[PDB]
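S.K.: Please find the sequence and an experimentally derived structure below.
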Amino acid sequence: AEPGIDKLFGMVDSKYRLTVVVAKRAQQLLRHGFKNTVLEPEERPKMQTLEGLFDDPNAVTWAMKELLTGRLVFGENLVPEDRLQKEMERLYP
Amino acid sequence: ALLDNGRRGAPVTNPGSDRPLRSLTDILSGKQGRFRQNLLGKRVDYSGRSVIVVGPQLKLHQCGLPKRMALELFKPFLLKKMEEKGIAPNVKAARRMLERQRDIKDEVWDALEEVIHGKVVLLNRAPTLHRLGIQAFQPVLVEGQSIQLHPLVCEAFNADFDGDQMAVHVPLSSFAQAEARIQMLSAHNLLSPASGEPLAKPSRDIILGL
Amino acid sequence: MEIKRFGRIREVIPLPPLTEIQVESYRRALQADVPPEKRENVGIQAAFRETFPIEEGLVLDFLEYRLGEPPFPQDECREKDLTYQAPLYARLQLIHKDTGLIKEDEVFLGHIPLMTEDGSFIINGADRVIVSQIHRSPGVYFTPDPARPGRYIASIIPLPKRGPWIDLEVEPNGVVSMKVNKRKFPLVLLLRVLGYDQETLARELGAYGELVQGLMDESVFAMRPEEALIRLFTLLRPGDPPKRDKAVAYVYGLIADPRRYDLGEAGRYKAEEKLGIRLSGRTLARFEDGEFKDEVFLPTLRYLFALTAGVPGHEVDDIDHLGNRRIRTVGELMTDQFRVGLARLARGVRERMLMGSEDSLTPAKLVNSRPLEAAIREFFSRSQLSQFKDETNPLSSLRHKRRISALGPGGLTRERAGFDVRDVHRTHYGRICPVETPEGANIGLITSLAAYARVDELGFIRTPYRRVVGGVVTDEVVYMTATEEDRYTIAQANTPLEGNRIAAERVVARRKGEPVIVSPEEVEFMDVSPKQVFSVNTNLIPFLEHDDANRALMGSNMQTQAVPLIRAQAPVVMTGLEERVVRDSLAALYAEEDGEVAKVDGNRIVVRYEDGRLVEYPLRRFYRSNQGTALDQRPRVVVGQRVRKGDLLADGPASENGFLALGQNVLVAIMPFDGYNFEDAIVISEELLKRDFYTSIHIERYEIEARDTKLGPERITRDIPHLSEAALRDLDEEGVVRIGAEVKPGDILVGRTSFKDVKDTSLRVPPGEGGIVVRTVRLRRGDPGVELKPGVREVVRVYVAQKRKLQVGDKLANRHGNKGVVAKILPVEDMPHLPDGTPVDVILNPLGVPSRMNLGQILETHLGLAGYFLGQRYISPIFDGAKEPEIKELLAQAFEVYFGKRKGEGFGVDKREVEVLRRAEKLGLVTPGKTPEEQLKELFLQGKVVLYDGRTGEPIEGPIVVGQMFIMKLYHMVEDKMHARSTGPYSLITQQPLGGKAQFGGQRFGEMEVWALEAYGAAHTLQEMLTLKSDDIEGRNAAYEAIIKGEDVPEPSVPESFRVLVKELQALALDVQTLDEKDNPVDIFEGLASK
Amino acid sequence: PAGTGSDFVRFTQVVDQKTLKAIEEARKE
Amino acid sequence: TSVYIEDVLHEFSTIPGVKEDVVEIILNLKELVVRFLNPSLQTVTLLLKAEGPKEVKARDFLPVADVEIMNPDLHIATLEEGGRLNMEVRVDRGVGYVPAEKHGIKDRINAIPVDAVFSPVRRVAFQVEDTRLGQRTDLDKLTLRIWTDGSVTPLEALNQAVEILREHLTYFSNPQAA
Amino acid sequence: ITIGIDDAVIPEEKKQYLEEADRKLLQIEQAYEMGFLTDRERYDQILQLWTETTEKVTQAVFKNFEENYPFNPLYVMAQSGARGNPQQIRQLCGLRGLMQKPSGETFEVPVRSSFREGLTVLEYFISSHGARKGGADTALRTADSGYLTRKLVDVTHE
Amino acid sequence: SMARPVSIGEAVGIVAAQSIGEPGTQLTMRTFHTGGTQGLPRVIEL
DNA sequence: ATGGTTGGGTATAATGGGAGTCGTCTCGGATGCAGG
DNA sequence: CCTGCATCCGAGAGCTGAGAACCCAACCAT
Ligand SMILES: Nc1nc2c(ncn2[C@@H]2O[C@H](COP(=O)(O)OP(=O)(O)OP(=O)(O)OP(=O)(O)OC[C@H]3O[C@@H](n4cnc5c(N)ncnc54)[C@H](O)[C@@H]3O)[C@@H](O)[C@H]2O)c(=O)[nH]1
Ligand SMILES: Nc1ccn([C@@H]2O[C@H](COP(=O)(O)CP(=O)(O)OP(=O)(O)O)[C@@H](O)[C@H]2O)c(=O)n1
Ligand SMILES: [Mg+2]
Ligand SMILES: [Mg+2]
Ligand SMILES: [Mg+2]
């Protein structure tokens, strides 16, 4: 099972809401090249190859771990989408 | 006859045959018609099928996937990964390399292992009687040509190992992967939606030993 | 190895030729070698005698026919894609009615396909089999009325497409009404046409009471038979003018014309026996002197009335009784098609006769033969009874030739067949196998002829019985139908005998299918053998009496799918039928007479017979069967060897010294193993692969064509642009790959260039295929016997072979219905082994036994252990063979060998053996108070040995069943099934991915998969499946580009199938329009369809 | 209109703490 | 490990004048037991030339230095009058079971790779028996039974097995932190 | 865990249970040969006698397994729920019992042999009717059940 | 399937249809053993 | 300027066709017939 | 006039894999 799946299921009123939040966070992470993450380098998901440890390329794992950290806010009508997108570009080129 | 062939009297047939001509209504309706054959169900890309064998060493969330099957299923991601590395100068060269079996090298398998990291695939056995006839699994690349299935999901699939075959599908986007990993993962579906009783539970040899 | 055989029943007669149902039937239909003066009136001779004479004056009369020699041999027909056939010639005479001018001519009517020696046909270069069809026999039947109890319905049924079914029923008002062509009308008018008065009916039917009073009608009777004829015609054909001659012709053709109405010979016999009358012909009524006379109508009315009155000696008819159901063989079906073609030929001949100068008319000019070829060719290429021959192994072909089908033209339909016609009838005993049938929608509709059964000349299956008189069983054998069988008390074949007298006061017998116990005096007949109850395939399962019928069905079916192996062995335990099976399949080679072997080669044997005549037999080597298996014959004699008549010379495929060899004998242990044999999976040793066990040879054929195009011809050549020599290495100077080259997916087989100034259209190895190129064939235009399609200049075929070893995912099975895929191949050091160091080869899970109830495999394993240690093989006939005490005695001898071997070398009992014996003492398997050797012998007599674990060296805590088992490899191999696709070809109209592995197609995500995705709430995955992966053209293009560039896949659009639906709804004059939130139109066609 | 396609859940937004505050700092102006 | 036969292009063919086809000949050749007298020697090529009519056995191979055939009576082929057999058989050192599709060894163009079963040991058993010594009881007596093919004696195989086990036991001597 | 032919233990009481039955049958025949019984009642009493005898044989088989061989492989499989039910175990050990004609009515004589003892040809042919009928049942009812499922989906999908 | 209150948005109609249909496909009057208004027809009638 | 394609004409007399299909079973609505 | 009662017609019947007149003359197209 996914780690902390019970916690994630208990953090939302509907499991489909959790799926939507995870997918949207993963899209945000993919767009900005993992520069907008709330994880500090020691918590970054790692992947093992012959060359060595690198960052985990899967964005869904990153989004799920970030949701476990609890530093993300989700809800209805928090911020207008256009302003969010413009700010995301401005902070992360 | 043009609108509805074979309604009143003898249907119109082509000379030298007794097969009735297929009118517009014949196209529209029936089990073979447009609605049921092309709209409520379709043939899809990024899919395969193979014989299944028992996977006793697998974990509940894992399935054994053949190497060549994974190569064909994840080909675009693989092309991107090999272009990013130094395996091929550009995507066309990578495709040309992958189109000839003897032109495949060692590092492309490592690139493939990089590609599928964390991703899941969908396994389906016909007939899909309930929703647990499709389940999501993390693929472990194996040698050979047979899909390896966990013993504890066979009862949900109603699968045995006397010649059964299964189909494999690859969800593409972040939304589809999140849905498969959160909602359709095998380790997240342990109780029956019909009765609430456990459906992934010891059976056959496990019960016998315990 | 010494062969020991069990059983006490002695068989008086041998099995009949197993393919005679085809060979004899076609020989009788053709009558090729019979001089024309002594030809009987059956077969195509009957068709000629029935179609002719042609009268319309000029007359055309048939004299005789002959069949020429085939233009090409069988091998040439197979190679050049021709039909193995013989030319047909007919000698005809054109006669003037008055002048008497005789014009005699031999006419070429075309070609008739020829049945080979084994009973198959070569149609367009492919081997085909015609499957026999079971149907309701023609005749007169009486059935209960379902709506009204106490009432009965009479039916007259002719041959298929040879007349209408006619129904007779006593209506509630008492008026008897006959239905023909869906028209109820009183029978009294037809009785009047037949020439029956009030007095005649009263005398012939007076006894039966009020039914005749209710039948009576003076208005019809007062009329003359001519007026009755016209009234009948205008009742049957409302609107048509009531001309006297037109009505005469119509009624004559309906029931009285031999060219239209035809009760068969079987129908005539059935009518005569049921009605107790003698029929003059095969039709319902006779036409002489411009008048109709009855033949069947009055007897059927008498039987119907007597049945309704309850007169003794008249019964109802069972529709599924095998005396009421008959078999049409290949000859009869071919003759029917020939008759249809001859009818077309005669119709054309009459058309041409009624035209043209009568002086310039000759026999040759009148006959246009084309419809005859049309009928025969359509039968032999398109009929569902004409099937692509199954030749995975010789037993497959032998099974296919003995199949009986209820489907086909003029048969039942798969989806609407009820339980009644699919049930094992009591009359199937000894005629149709109750076990071998296909599972699925075809259960009960396709069956198999029993081993001893023979189809008679009328089409009824007969089975043999021994005559017993005064309680003494004789050697006289009588072949009887179900109707004849119903009249006697028949004893079981296993009735104990002393000499040939029945030595038992109580005899188990059958009376009309009911089991009974009778005294020996009451016995009339005895069964010949238990073998006669089951088919050939079911007769190859030893210990069948210990198997449940369902798993026996599975094993009998799966014996057909076994693949020939390069090291095939005959079973350790046989039923005694393998030699006959291999002999009757014509797969091996036998000596025609006593002689001496002169030359032995891998492809040739020269034998010198006593008459000084040298005979050379070529050996068929590495020939691709229809299913891709390689069939070769291997010599089994040396130069100078003395051969008697019938002695084996060369083994065929799946044969070992003249015995059927479908698999291998392996050492098996029945125990669970680490979950690797979970749910019917099988664990094997690598040592099997080390000695090339379960290794098969398979051949694949690839075809390419170079043809003519309007933009320029295609050319097969080596000169191809834009490829390096690394891809051009193996092709020879003609552009075709050289023999012996190893080919892998992506390699070129035949190079071809097509005009665009040329582009590559070469033939390459498909993914997952390849092997060694073993054959190449080039066919060009103009070579003798070649008939290419127009526009095609040349064709190239390449035959590539692979040697397949056993691998994970391959299917194995035994003869008792146990099947499973190999799930794990273990190294030899990990397999469980005997105390002497011998490892087992196969580990089977015991959990498959208790619910399947096939205990025959356990007994086979015990006898195999006995044979393994005694070094011998066994013959165990079904229902008469080895029993438990005999197996215990054999196991006692085997244990003495198996333990004296260890005792002579100076070894006692192992410590692990002692601990296992103590545990088994707890289990109650051995008796306390005995020495370890006594307890080991005790365990051995139960088929169990002490087994050691290869991983640890410690014993398995309990004794384990170990022994030899015969296991076959099935053609379902993972190599042929593994398939995957990312993107590929799409369909023309729906723009959806194609289907099938050969087309590089994709898997179907059907309705129920969509239901499962909906039940999961995975909206986005389902939308991806519906649009981005199937038929959203711009969507799938953008998705592929985004993945190739590293972005995420875009949003989907409307699938093309919905646009197709909208366009097709517009074609039906329906305005389907998509609207936005304000009910304003939204254009999903982007403006490409707006003026 | 079920699961993640339901109107009850499919309009959910997600944002970190850093971006959320400065969007208010823009509104606070 | 490899076989080359004259005027033979692949393994699925026949040779005129020879009773057995190539597949059966290779099956027969897989039973050949060859002993290398020199430990440094890695590969050898045995030459066979025969003309019918005769029974070609393993003894008909041309002699090679430091190479012995342990089963000269092994039947290879049967030749009639007019048949000829010309073979070059490459034999290698190795370990384990290596299929032909893995190594794919070809000397010439028309050579046929052969599945190699390198293990010279045919069968191994061991027996544990009751023994004692003075006052101690329930002691073990071990007996190893080894059947080989003659290329390697049972004692040599036992010594190599002991050496392998000792070398593998050596590996537990370098702890590393995780 | 393994399965041998001796693991299908046949209880002794079965023989007794058969012989006693062969007693009662005679009585029934007598009660019909003298006139105190009609045809339907005789058929029904024979069927009831045989079904009760089959039940007794099943009870004896499982009682023997529980008392003498608690670790017997078939018994362990049936008790643990791994594989098998009492009816199949009885068919392996005690007796198959009554069989049905294709019309749906029972035969008068039962199959008194188990699968370990081996059936006779007549008994095998008698059981073939039920085997074929079950196969046809599966083949022609699975379609009706799938049709019902489709109807339910099209009525509740919203 | 989760032993907790159902989440808003669950397609319970499809789940109900599958739950009713699945046992009928196999276990209702699977392999029948020939040994010594009912079943599916009654359910379809209802 | 050539083939390829299209339109027109034939004169003893002729005057209403022909294959086919009969082994499903239920269920629901539309409907004509019987009674009162 | 109403009603009920046989009668007739139409629409269903699981999923996946694979498999036969001839001739003559004018006329547009390229
Ligand atoms: N959903 C589904 N699953 C099935 C089905 N039937 C079997 N399974 C699974 O497969 C395992 C092994 O079953 P089997 O041991 O029976 O093996 P098989 O592959 O079915 O092959 P066959 O023994 O039939 O050999 P054949 O030469 O007759 O095959 C050629 C002929 O078979 C028939 N046929 C072959 N292939 C299929 C197929 N894919 N689908 C349907 N009909 C098939 C067909 O009529 C064809 O024309 C079982 O346990 C189940 O999981 C089925 O109907 N549906
Ligand atoms: N037409 C079909 C035939 C089969 N199947 C599927 O195949 C399985 C095994 O049927 P099967 O007959 O192969 C064996 P099973 O009944 O499990 O075996 P046993 O009692 O002898 O041990 C069924 O449970 C269905 O899921 C199908 O969907 N459509
Ligand atoms: Mg199965
Ligand atoms: Mg099963
Ligand atoms: Mg099947």
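M.R.: Ah, there it is. Numbers count the residues shown, from 1 in each chain, chains lettered A, B, ... in the order given. Ligands and ions are numbered 1, 2, ... in the order given.
S.K.: Phi and psi next, for residue C:808.
M.R.: Main-chain torsions, residue C:808, degrees, to the nearest 10: phi -60, psi 130.
S.K.: Find the helix or strand that the nearest residue to it once chain neighbours are set aside is a member of.
M.R.: Closest residue to residue C:808 apart from its sequence neighbours, by C-beta to C-beta, 6 or more residues apart in numbering or on different chains: residue B:144 at 4.9 Å. In this view, the C-beta of every residue, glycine as well, is placed from N, C-alpha and C. Using DSSP states H and E, residue B:144 sits within no helix or strand.
S.K.: and residue B:144, how many residues sit next to it?
M.R.: Counted by other C-beta atoms under 10 Å in any protein chain shown, the residues lying close to residue B:144 total 19.
S.K.: Equivalent analysis for the one 4 residues further on, please.
M.R.: A total of 24 residues lie near residue B:148 under the criterion other C-beta under 10 Å.
S.K.: which other helices and strands contact the helix or strand containing it?
M.R.: Residue B:148 belongs to strand B:147-149 when elements are defined using DSSP H and E. Counting contacts by 3 or more C-beta pairs under 8 Å, 6 or more residues apart in numbering or on different chains; DSSP states H and E, strand B:147-149 packs against strand B:47-54, strand B:62-66, strand B:165-169.
S.K.: and those as a markdown table, adding distance to DNA strand H and mean neighbour count?
M.R.: Listed next are the helices and strands packed on strand B:147-149 as a markdown table, based on distance: least, C-beta to the nearest atom of the strand, whole Å; neighbours: other C-beta atoms under 10 Å in any protein chain shown:
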| stretch | distance to DNA strand H | mean neighbour count |
| --- | --- | --- |
| strand B:47-54 | 34 | 26 |
| strand B:62-66 | 43 | 24 |
| strand B:165-169 | 32 | 23 |
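S.K.: Out of these, which gets nearest to residue F:119?
M.R.: For residue F:119, the closest of the helices and strands packed on strand B:147-149 is strand B:47-54, at 34.1 Å, according to C-beta to C-beta.
S.K.: Could you count how many residues lie near residue C:312?
M.R.: Counted with other C-beta under 10 Å, residue C:312 comes out at 6.
S.K.: Repeat that for residue F:149.
M.R.: 21.
S.K.: and it, helix, strand or coil?
M.R.: Under DSSP: H, G, I helix; E, B strand; the rest coil, residue F:149 falls in the helix class.
S.K.: quick revisit: for the residue nearest to residue C:808, give me its contacts.
M.R.: Going by C-beta atoms under 8 Å, 6 or more residues apart in numbering or on different chains, residue B:144 touches B:66, C:807-809, C:974.
S.K.: Residue A:81 versus that one, what's the distance?
M.R.: Residue B:144 sits 49 Å away from residue A:81, going by C-beta to C-beta, to the nearest Å.
S.K.: Check residue C:195 too.
M.R.: According to C-beta to C-beta, residue C:195 stands 99 Å off from residue A:81.
S.K.: what's the answer for residue C:274, then?
M.R.: Taking C-beta to C-beta, one finds residue C:274 at 88 Å from residue A:81.
S.K.: who has more neighbours, those two?
M.R.: The residue with more neighbours, out of residue C:274 and residue A:81, is residue C:274; 17 against 8, by other C-beta under 10 Å.
S.K.: Which residue, other than its chain neighbours, is closest to the more buried one?
M.R.: In space, residue C:274 is closest to residue C:140, 5.4 Å off (C-beta to C-beta, 6+ apart).
S.K.: Could you do residue C:43 as well?
M.R.: Nearest non-adjacent residue to residue C:43, counting by C-beta to C-beta, 6+ apart: residue C:29, 4.2 Å away.
S.K.: Sort out which residues of the helix or strand harbouring residue C:204 are buried, please.
M.R.: Counting by DSSP H and E, the element that carries residue C:204 is helix C:198-205. Neighbour-count burial for helix C:198-205 flags C:201, C:204-205 (criterion: 16 or more other C-beta atoms under 10 Å in any protein chain shown).
S.K.: again, but for stretch A:13-31
M.R.: Residues A:14-31 are the ones in stretch A:13-31 that count as buried (16+ other C-beta under 10 Å).
S.K.: Next, the contact list for residue B:40, please.
M.R.: C:1007, C:1010.
S.K.: so what's residue C:44 closest to, chain neighbours aside?
M.R.: residue C:338 is the one closest to residue C:44 (C-beta to C-beta, 6+ apart), at 5.4 Å.
S.K.: now the one you found, what's its secondary structure?
M.R.: Going by three-state DSSP: residue C:338 is helix.
S.K.: Next: residue F:6.
M.R.: helix.
S.K.: so which residue of chain E comes closest to chain F?
M.R.: Nearest residue of chain E to chain F: residue E:125, at 22.2 Å (C-beta to the nearest C-beta).
S.K.: where's that residue, which helix or strand?
M.R.: Per DSSP H and E: strand E:121-133 holds residue E:125.
S.K.: that older thread, of the helices and strands packed on strand B:147-149, which is nearest chain D?
M.R.: strand B:165-169 (17.4 Å).
S.K.: same for that closest one, what does it pack against?
M.R.: Short answer (3+ C-beta pairs under 8 Å, 6+ apart): strand B:165-169 packs on strand B:47-54, strand B:121-124, strand B:147-149.
S.K.: picking that back up, what residues are up against the residue nearest to residue C:44?
M.R.: C:44, C:47, C:372, C:375-376.
S.K.: can you give me the helices in chain D?
M.R.: Remark: helices assigned in chain D by DSSP state H are D:17-28.
S.K.: what's the following helix or strand after the helix holding residue C:204?
M.R.: Following helix C:198-205 in sequence, per DSSP H and E, is helix C:210-215.
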